[PDB]
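>>> So I've got this experimental structure, pasted below with the sequence.
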Amino acid sequence: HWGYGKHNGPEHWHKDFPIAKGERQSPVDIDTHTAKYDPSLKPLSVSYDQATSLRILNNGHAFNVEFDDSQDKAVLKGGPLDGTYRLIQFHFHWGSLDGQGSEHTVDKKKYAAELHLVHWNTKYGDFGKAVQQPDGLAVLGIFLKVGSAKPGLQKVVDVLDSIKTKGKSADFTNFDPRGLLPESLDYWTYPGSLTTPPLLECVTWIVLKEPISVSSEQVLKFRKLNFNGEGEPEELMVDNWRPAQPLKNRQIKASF
Ligand SMILES: [Zn+2]
């Protein structure tokens with residue numbers, strides 16, 4: 001029964017998911033002055049040319065674009081990672097207002113939204129096994145600021161009318177996730193967690209320094225989605241972000 005409201009939101013999650021107060025929770029504030037350049041970090045390798053998108057789903061918390069991860073088609077390698085991580089889904093977190101919506105912050109700055117490209121370590125064989133390992137997932141996080149339209153986002157924006165409510169899905173084949181990336185792959189990296197229940201501590205976070213720009217009309221369309229199911233009272237899907245969590249005994253490393 002978790003969500004983002006006063007009564008079921010992030011301040012409540014620890015009662016069902018005690019790891020909410022754990023040692024490696026996400027997101028965090030990235031203090032750009034404290035993050036250390038790690039000259040031994042490799043360039044990220046983002047290999048999305050064979051990505052096979054299947055479906056888009058309103059899960060009552062966000063919308064997920066899901067990929068065929070039955071083989072090594074779209075993978076993330078390099079940077080801080082050992083081995084091959086397969087793309088399984090992406091989703092966003094966003095705000096009711098342009099001044100909030102991101103989960104990570106940069107020197108306490110909040111962006112309008114944040115894109116999460118979720119990958120799993122193929123050495124664990126399936127996604128459900130991967131989330132029970134400390135190096136099971138790699139999530140590529142990309143900030144969204146409101147400015148110019150992102151052309152490669154518009155196919156996603158166009159289909160949101162067809163998945164307005166919780167449990168609706170639509171076929172979403174032949175979507176190229178390369179169109180959501182900024183020019184630069186400079187990043188920050190730290191060990192953390194899923195930012196939604198069950199809050200598992202299985203994620204290597206890779207957060208790109210360069211935001212992408214989306215238009216006010218693009219993010220407006222995200223805010224027309226509904227948290228509720230069809231035939232239930234309308235609740236706009238806005239402010240589906242977890243606030244920054246204590247850094248505790250962690251260092252954020254910069255690739256640049
Ligand atoms: Zn996320």
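All right, it came through fine. Numbering: from 1, shown residues only.
>>> Which residue ranges of the stretch 51-200 of the chain form helices?
127-130, 154-159 (DSSP state H, counting those that start in this stretch).
>>> okay if I get those as a markdown table plus distance to residue 84?
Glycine gets a C-beta too; all of them are placed from N, C-alpha and C. Below are the helices of the stretch 51-200 of the chain laid out as a markdown table (distance: least, C-beta to C-beta, whole Å):
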| stretch | distance to residue 84 |
| --- | --- |
| helix 127-130 | 12 |
| helix 154-159 | 26 |
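>>> Tabulate those in a markdown table, adding columns for distance to residue 102 and mean neighbour count.
Listed next are the helices of the stretch 51-200 of the chain as a markdown table, based on distance: least, C-beta to C-beta, whole Å; neighbours: other C-beta atoms under 10 Å:
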| stretch | distance to residue 102 | mean neighbour count |
| --- | --- | --- |
| helix 127-130 | 25 | 16 |
| helix 154-159 | 18 | 17 |
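>>> what sits against the residue most central in space within the chain?
With distances taken as C-alpha atoms, centre = their mean, the residue of the chain nearest its centroid is residue 116 (1.9 Å). By C-beta atoms under 8 Å, 6 or more residues apart in numbering, the contact set of residue 116 is 90, 91, 92, 93, 139, 140, 141, 195.
>>> Show me what the closest residue to the first one other than its chain neighbours is bridged to.
Ranked by C-beta to C-beta, 6 or more residues apart in numbering and with sequence neighbours excluded, the top spatial neighbour of residue 90 is residue 117, at 4.7 Å. Assessed by DSSP bridges, residue 117 has beta-bridge partners residue 90, residue 140.
>>> and if you look at residue 66?
Judged by DSSP bridges, the bridge partners of residue 66 are residue 55, residue 89.
>>> isn't it right up against residue 54?
Yes. Applying C-beta atoms under 8 Å, one finds residue 66 in contact with residue 54, separated by 5.1 Å.
>>> So between these two, which is more surrounded?
residue 66 (19 against 16; other C-beta atoms under 10 Å).
>>> ok, now how distant is the more buried one from residue 180?
Residue 66 sits 15 Å away from residue 180, going by C-beta to C-beta, to the nearest Å.
>>> If you count contacts, what does the one helix or strand residue 221 maps to end up packed against?
Assigned by DSSP states H and E, residue 221 belongs to helix 216-222. For helix 216-222, the packing partners by 3 or more C-beta pairs under 8 Å, 6 or more residues apart in numbering; DSSP states H and E come out as strand 85-94, strand 137-146, helix 154-159.
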